[PDB]
Amino acid sequence: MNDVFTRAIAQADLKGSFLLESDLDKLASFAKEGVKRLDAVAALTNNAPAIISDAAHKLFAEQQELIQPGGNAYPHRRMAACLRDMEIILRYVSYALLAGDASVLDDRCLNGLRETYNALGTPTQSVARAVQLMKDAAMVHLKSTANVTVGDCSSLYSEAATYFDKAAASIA
Amino acid sequence: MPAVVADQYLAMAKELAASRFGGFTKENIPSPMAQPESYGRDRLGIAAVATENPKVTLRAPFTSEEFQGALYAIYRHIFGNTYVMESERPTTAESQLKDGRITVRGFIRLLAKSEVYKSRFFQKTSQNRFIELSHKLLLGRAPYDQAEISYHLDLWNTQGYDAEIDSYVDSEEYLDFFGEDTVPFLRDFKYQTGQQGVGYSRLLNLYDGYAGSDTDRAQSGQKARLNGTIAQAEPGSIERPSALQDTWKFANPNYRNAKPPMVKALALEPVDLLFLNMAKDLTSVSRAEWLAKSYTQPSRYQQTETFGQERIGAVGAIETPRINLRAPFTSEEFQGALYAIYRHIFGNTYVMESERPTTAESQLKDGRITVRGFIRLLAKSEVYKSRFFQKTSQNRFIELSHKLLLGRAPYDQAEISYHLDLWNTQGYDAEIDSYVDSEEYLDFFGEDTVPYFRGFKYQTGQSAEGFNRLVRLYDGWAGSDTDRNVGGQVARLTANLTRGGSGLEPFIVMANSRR
Amino acid sequence: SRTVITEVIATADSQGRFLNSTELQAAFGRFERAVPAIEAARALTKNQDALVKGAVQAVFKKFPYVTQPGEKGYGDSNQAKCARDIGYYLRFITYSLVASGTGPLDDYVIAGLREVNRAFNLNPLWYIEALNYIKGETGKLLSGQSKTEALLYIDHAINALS
Ligand SMILES: CCC1=C(C)/C(=C/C2=NC(=C\c3[nH]c(/C=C4\NC(=O)[C@H](C)[C@H]4CC)c(C)c3CCC(=O)O)/C(CCC(=O)O)=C2C)NC1=O
Ligand SMILES: CCC1=C(C)/C(=C/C2=NC(=C\c3[nH]c(/C=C4\NC(=O)[C@H](C)[C@H]4CC)c(C)c3CCC(=O)O)/C(CCC(=O)O)=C2C)NC1=O
Ligand SMILES: CCC1=C(C)/C(=C/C2=NC(=C\c3[nH]c(/C=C4\NC(=O)[C@H](C)[C@H]4CC)c(C)c3CCC(=O)O)/C(CCC(=O)O)=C2C)NC1=O
Ligand SMILES: CCC1=C(C)/C(=C/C2=NC(=C\c3[nH]c(/C=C4\NC(=O)[C@H](C)[C@H]4CC)c(C)c3CCC(=O)O)/C(CCC(=O)O)=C2C)NC1=O
Ligand SMILES: CCC1=C(C)/C(=C/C2=NC(=C\c3[nH]c(/C=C4\NC(=O)[C@H](C)[C@H]4CC)c(C)c3CCC(=O)O)/C(CCC(=O)O)=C2C)NC1=O
Ligand SMILES: CCC1=C(C)/C(=C/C2=NC(=C\c3[nH]c(/C=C4\NC(=O)[C@H](C)[C@H]4CC)c(C)c3CCC(=O)O)/C(CCC(=O)O)=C2C)NC1=O
Ligand SMILES: CCC1=C(C)/C(=C/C2=NC(=C\c3[nH]c(/C=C4\NC(=O)[C@H](C)[C@H]4CC)c(C)c3CCC(=O)O)/C(CCC(=O)O)=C2C)NC1=O
Ligand SMILES: CCC1=C(C)/C(=C/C2=NC(=C\c3[nH]c(/C=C4\NC(=O)[C@H](C)[C@H]4CC)c(C)c3CCC(=O)O)/C(CCC(=O)O)=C2C)NC1=O
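First to last, the sequence lines map onto chains J, 3 and S. Residue 1 is where the first sequence starts when you use PDB author numbering, and the numbers rise one by one after that. Mapping of the second sequence onto PDB author numbering: residues 1 to 270, 287 to 531, in sequence order. Residue 2 is where the third sequence starts when you use PDB author numbering, and the numbers rise one by one after that.
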């Protein structure tokens, strides 16, 4: 697990010299925008139940075979497992968003997750769909301009989109 | 009516539908993916070690059977699933456990330091294999990171074997999950607060089934199986043993997956994906937004709201303000109303300062006459007569007075006959009073509003030609009804009125048939 | 369309006179108010999808019954038309904001509104609910004057519906 700064440092170390002025400008700009980044991570953290309820409702509307006898979210145990997985993946996406890098998400969360779901008999495409729906709800909450100073945050929205899309692509 | 089916089949249908709540509905169908609740752990063969075997806990006081079962579980977990012979059984350690000198944790520490554990999992192994085994048997999980292997290899190299075993058993993870009293169990088969994506797969790789074991007596030896995958940060293998292939064969987890077509569809003429793009636009997305955006597509008619009024040249004549002049009014309101009145009632023709009626304006200023009475005076004036009466035919005067005083064109030839007769028998003034005292004039203009062009909108009772006739009477905003044109002041609507139309309608009806 | 400049020109033209100080000052007021109005229209455009979806769901919340089968709010087509209508209203409100006059709303939505709603059995209360919604969120999307112009135009549409 490394952030944007440790990523830059590792790339510099591989070639084996100091961080260039362009690299330091990039990282200083990142730290300057880190306040907006904190706002985005707070948006994901305070609205997790809303995001995951919305995603689950949409997912079991589109895919009814999941919540009906025989389905992979049928009894309370597997339904709870599904909502738990949604919580987990949202959590790691917010971690990566704070880090400014997707190393925590990939290394700690999504690495053996497709293998786990394949061994359990869980539709990885349904899981990816759930992550997409959860991305959409999360993006609704991130853009919220209430309680927070107004300003451009398009880079943050795009970055959160890449984190969710990477999660989906890794699962499916 | 005779019975259509035999009663046995009716009974069978009734009792099939009786075992459903709601019988047979579309909402209460079984899932096509026919997975029991225990589908996953049964097909993986981990049902016993993950859900069925209880967590064995031993406290300070206990009976004989509790002690013996605890010992059986301990030996079946810590020593892998390998047969420990009676000569190998540790007696003093379990006497200390029985006394209460050591906890179950202390017993695990002793056993992992014993020659049984070392002979099985240390002396004929790599250190990688030893660390895998010790994570599995002592921490109930598999190593997550290569840093763990580096840490444990360095710890054994510097401080020895027992420091390694203590790092396992004294770890906060071991005490969080097992404390001092419950035997360690495989614990990454259920999600816990500190798990990682690779953990499930790697534990599955390390676990060889209930009848499998971690024995050095394999002909290939005691070999590491996670040494290459932990280094490369890969998941573990999820291939399960061969006796589980018959388990839950009829489940269809990959139900949503689409079967490919035998041949990709092409569109030879306009390119080779318009069918694929059409199918992605048809089914891949929900119907609601599909219709929503189809509704708001621009039309092939590129027609603004003023389109149609611009074509006939009547946008201004339609949108100009309606001047209403009350009894009390200011100078600006009065002069603007005068301007509007002279522009309409004199047909956009220039009236010089000498021709303007001062006495009539004064009477209107005082309130002696209304706007209607002013209009009546104006239309009786030599200005109006000389422009619209004296150098004209009566047809032109009648269409022109309709246009100027009613804001509409004649609707039929009966109006022409009526007005010609009225003027011929009573004179010009009576004929003007016919327009100004008409119910139409009072219902639309009514004593206070300047006349405006009414016939660009549908009027009740209109003849479907009065619109066309007002268009043919109107010459745009900069057109006038002057008598100073080269030919003179000549009629416009004589043939259309008398005929009642163009005379091409029967042939239009023919044309709308065959050809 | 009836806007400040257009009514200026039309009133001067109806009296056949040039543009004097009164009308030039009205034009000046319009040109000064353009900045708040144009950036309010910018804000409303940027958030059209969320506003329309929220308005449709607000209509379904205040009028649950329409959602049931057999009446107006049922079916994919009917709800797509709800969304299209609410988008129409928002579009012409932004138009009026930009043009600094109720002209676009007057000529595109308000002229002929009652006849059309009556003919197609459309409740003005649905659209009033949607516009009250849009009003509520345009409150928090906008600050200062821009909020003011946006709400004058939204309330003009609401008053036209009632
Ligand atoms: C195997 C055992 C099992 C049970 C028991 C079970 C219950 C259950 N009911 C659900 C939906 C629901 N269930 C209800 C029940 C309410 N309806 C009201 O009329 C009543 C006051 C009340 C019932 C007494 C409602 C309203 C919902 C919809 C909630 C939502 O919006 O998602 C859901 C959410 C998933 C879905 O959308 O279908 C579950 C998991 N699921 C299971 O797998
Ligand atoms: C820290 C990172 C991490 C993650 C994310 C993780 C996920 C995870 N999900 C699991 C089961 C599951 N996961 C799901 C959820 C899926 N199935 C439903 O159909 C949905 C389509 C979909 C969710 C949107 C379900 C239903 C199960 C239970 C399957 C079974 O027990 O047969 C399991 C097996 C153990 C258990 O049942 O608790 C793991 C380890 N584990 C981790 O260590
Ligand atoms: C408790 C952790 C924490 C939070 C929550 C936090 C919020 C925070 N947001 C700020 C400004 C800001 N916040 C944002 C972010 C918003 N812009 C858009 O509306 C987005 C919806 C949204 C983010 C995606 C922006 C653009 C600014 C102005 C730029 C700046 O001052 O840095 C500021 C600087 C003071 C101010 O201008 O008001 C703080 C302290 N800081 C913290 O240390
Ligand atoms: C789920 C219940 C369960 C089963 C079924 C089970 C079977 C089992 N038998 C084993 C060894 C063995 N099994 C046998 C028995 C076979 N060899 C002879 O030829 C006979 C023909 C035949 C028996 C009829 C032998 C000889 C060994 C020892 C192999 C060796 O040490 O080289 C082992 C390896 C344990 C170790 O050596 O540490 C297991 C796991 N264990 C279990 O926990
Ligand atoms: C008990 C018997 C046993 C041994 C000896 C053993 C070797 C071993 N060497 C390791 C790493 C390593 N080994 C080396 C040494 C090599 N690289 C240098 O260039 C040299 C060419 C060469 C030494 C002459 C290095 C540099 C690492 C760290 C690799 C890395 O972090 O990428 C590791 C992983 C732990 C770690 O990353 O620190 C093991 C387990 N494993 C065993 O079970
Ligand atoms: C949309 C606003 C509007 C315009 C523009 C307008 C133009 C206009 N000029 C007219 C007459 C006229 N216009 C002219 C002007 C021409 N004489 C030439 O020497 C010059 C080169 C040229 C002018 C620069 C003249 C001389 C007449 C009188 C024709 C006549 O008395 O026979 C007339 C007929 C009215 C009448 O003759 O009493 C109109 C309608 N009227 C309007 O309501
Ligand atoms: C002020 C200048 C002026 C004149 C004179 C004029 C003539 C005139 N004669 C008309 C009708 C008529 N005119 C006549 C006269 C004919 N009957 C016999 O055939 C004779 C050969 C002939 C007369 C000697 C008749 C019969 C009508 C009735 C129309 C019909 O046939 O329905 C009409 C149509 C309106 C109406 O029916 O009363 C006009 C406008 N128009 C004018 O603007
Ligand atoms: C008494 C007999 C009579 C009739 C029937 C009549 C029709 C008539 N229809 C008109 C406009 C119109 N009529 C229509 C209707 C047509 N366009 C739509 O696309 C449909 C294809 C179609 C109806 C099914 C429309 C849209 C207009 C407005 C066109 C415009 O203002 O540019 C107008 C122009 C005045 C106004 O807009 O109020 C007339 C006079 N007039 C008459 O005096």
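Even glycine gets a Cβ: it sits at the ideal position worked out from N, Cα and C.
Check: Test: residue 181 (chain J) CB closer than 9 Å to a CB of chain 3; Outcome: Since the first residue shown for chain J is 1 and the last is 172, residue 181 (chain J) is missing from the structure and cannot be characterised.
Check: With 16 other Cβ atoms within 10 Å as the buried cut-off, status of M12 (chain 3); Outcome: exposed
Check: Amino acids of chain J, ordered along the chain, whose beta-carbon sits closer than 7 Å to that of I102 (chain 3); Outcome: Correct list: empty, because the minimum Cβ distance to chain J is about 36 Å.
Check: CB contact flag (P184 (chain 3), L139 (chain 3), <9 Å); Outcome: yes
Check: The region 145 to 155 of chain S touching the region 107 to 117 of chain S, judged by at least three CB pairs closer than 8 Å; Outcome: no
Check: Environment of ligand 8 in chain order, Cβ to heavy atom below 7 Å; Outcome: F323 (chain 3), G324 (chain 3), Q325 (chain 3), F472 (chain 3), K473 (chain 3), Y474 (chain 3), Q478 (chain 3), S479 (chain 3), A480 (chain 3), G482 (chain 3) and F483 (chain 3)
Check: Reference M139 (chain J), options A56 (chain J), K26 (chain J) and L44 (chain J), closest by Cα; Outcome: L44 (chain J)
Check: Environment of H57 (chain J) [buried if 16+ CB atoms lie within 10 Å]; Outcome: exposed
Check: Contact the region 73 to 87 of chain S vs the region 298 to 308 of chain 3: 3+ CB pairs below 8 Å; Outcome: yes
Check: Simplified DSSP assignment, three categories, for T215 (chain 3); Outcome: coil
Check: C-beta neighbour in chain 3 for residue 1 (chain S), strict 9 Å; Outcome: Chain S is shown from 2 up to 163; residue 1 (chain S) falls before or after that span and cannot be answered.
Check: Residues within the region 198 to 216 of chain 3 neighbouring chain J, beta-carbon criterion of under 8 Å; Outcome: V198, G199, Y200, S201, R202 and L204
Check: Under 7 Å (Cβ pairs) to chain S, residues found in the region 301 to 312 of chain 3; Outcome: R303, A304, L307, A308, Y311 and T312
Check: Any chain 3 beta carbon closer than 9 Å to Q68 (chain J); Outcome: yes
Check: Residue from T7 (chain S), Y96 (chain S), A13 (chain S) and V5 (chain S) with nearest C-alpha to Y355 (chain 3); Outcome: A13 (chain S)
Check: Distance CB(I230 (chain 3))-CB(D145 (chain 3)) smaller than 9 Å; Outcome: yes
Check: Buried/exposed call for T95 (chain S), threshold 16 Cβ in 10 Å; Outcome: buried
Check: Proximity below 9 Å, CB of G462 (chain 3) to CB of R388 (chain 3); Outcome: yes
Check: Positions along the region 44 to 55 of chain 3 whose CB lies within less than 9 Å of some CB in chain J; Outcome: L44
Check: Chain 3 contact for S15 (chain S) (CB, 9 Å cutoff); Outcome: yes
Check: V148 (chain J) and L98 (chain J) closer than 9 Å at C-beta; Outcome: no
Check: Three-state class that DSSP yields for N293 (chain 3) in the structure shown; Outcome: helix
Check: Neighbourhood of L438 (chain 3) by C-beta distance below 8 Å, restricted to the same chain and skipping five residues each side; Outcome: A446, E447 and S450
Check: C-beta atoms of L422 (chain 3) and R470 (chain 3) nearer than 9 Å; Outcome: yes
Check: Residue-level contact to chain 3 via CB, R114 (chain J), 9 Å cutoff; Outcome: yes
Check: Within-9 Å CB hit, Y355 (chain 3) to chain S; Outcome: yes
Check: Near ligand 2: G236 (chain 3) beta-carbon under 8 Å from a heavy atom; Outcome: no
Check: Straight-line Cα distance separating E87 (chain J) from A48 (chain J); Outcome: 7 Å
Check: Short CB-CB distance (under 9 Å) between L110 (chain J) and chain 3; Outcome: yes
Check: Those residues which DSSP pairs with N147 (chain J) across a bridge; Outcome: Per DSSP, none; premise fails for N147 (chain J).
Check: Any chain S beta carbon closer than 9 Å to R187 (chain 3); Outcome: no
Check: Where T336 (chain 3) meets chain S, residues with beta-carbon distance less than 9 Å; Outcome: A11, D14 and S15
Check: Whole-angstrom distance between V452 (chain 3) and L394 (chain 3), CA atom to CA atom; Outcome: 11 Å
Check: DSSP-derived helix/strand/coil call for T465 (chain 3); Outcome: strand
Check: Neighbour flag for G88 (chain S) against chain 3, beta carbons, 9 Å; Outcome: yes
Check: Residue range of the alpha helix (DSSP H) that includes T116 (chain J); Outcome: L113 to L120
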